[PDB]
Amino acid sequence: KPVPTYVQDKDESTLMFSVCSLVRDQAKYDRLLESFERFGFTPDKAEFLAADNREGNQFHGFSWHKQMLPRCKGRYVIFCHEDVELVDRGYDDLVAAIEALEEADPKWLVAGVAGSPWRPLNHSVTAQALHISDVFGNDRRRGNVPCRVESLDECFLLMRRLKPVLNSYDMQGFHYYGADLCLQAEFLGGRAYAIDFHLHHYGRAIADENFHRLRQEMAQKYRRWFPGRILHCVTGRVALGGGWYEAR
């Protein structure tokens, strides 16, 4: 008697992007939406969804995607802050960057615009690879993008809707959810990249008690599986400790 739905291995999306944002400030988010539509993210190419933090912290960096993903219909799902704005590069640029990455390295799972190169040799300085306009300067670069990374800045990242990666359930807050996503991508057997897709990010990092707390939680959690590793993020290196590193 039940009538089942048979599901085939086919990408039946017709929208290229689901653009999801973590929204607290209506004015910043309206700026973002206007800029995306101006730079080619029109209704036949993209839909916009917002995790609604306008009245309080209903969601945080590690939980918002689990609610957004089921509602997305696009091929690629962007998870970005409310305070990015497209300024020059647009829809065709982003498609071309993603398709180029698929060709270069089909093991990618997460892509962003700023992050730290994968497994830096030199732990005496923080490794960075990005191209962006932000509070540190307009149209600036570190390193060379595109390139493989071990962490991404949370202002803008993306994954394929049919090949997602999830954030941890045992951390909560508004720091380190970009690195956590990259690390889970490695556990799942894929990779993270910073691509070259220049946009403007207005926000400033907040090195507050939550930042210090989550830095310690990241080290306590990840040292179990990456003992001795020094994890680079745009916000600074994190010596995870553990194992033989604890001698001294």
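The numbering used is simple: start at 1 and walk along the sequence shown.
Annotation for 201-209 versus 23-31: the higher mean temperature factor (C-alpha) is found in 201-209. Mean CA temperature factor is higher for 67-75 when stretches 67-75 and 111-119 are set side by side in the entry.
For the set 166, 80, 86, 104, the PDB entry puts the maximum C-alpha B factor at 104.
Set against one another, the Cα B-factors of 127, 149, 159, 145 in the record reach their highest point at 145. Among all modelled residues in this chain, the alpha-carbon of residue 136 has a temperature factor (C-alpha) in the highest third. In the PDB entry, residue 241 places in the middle third of its chain by CA B-factor. Ranked against the other modelled residues of its chain, the C-alpha B-factor of residue 15 as given in the entry falls in the highest third. Per the PDB record, residue ranking by Cα B-factor puts residue 196 in the lowest third of the chain. Looking at the C-alpha B-factors along this chain, the one for residue 37 belongs to the highest third.
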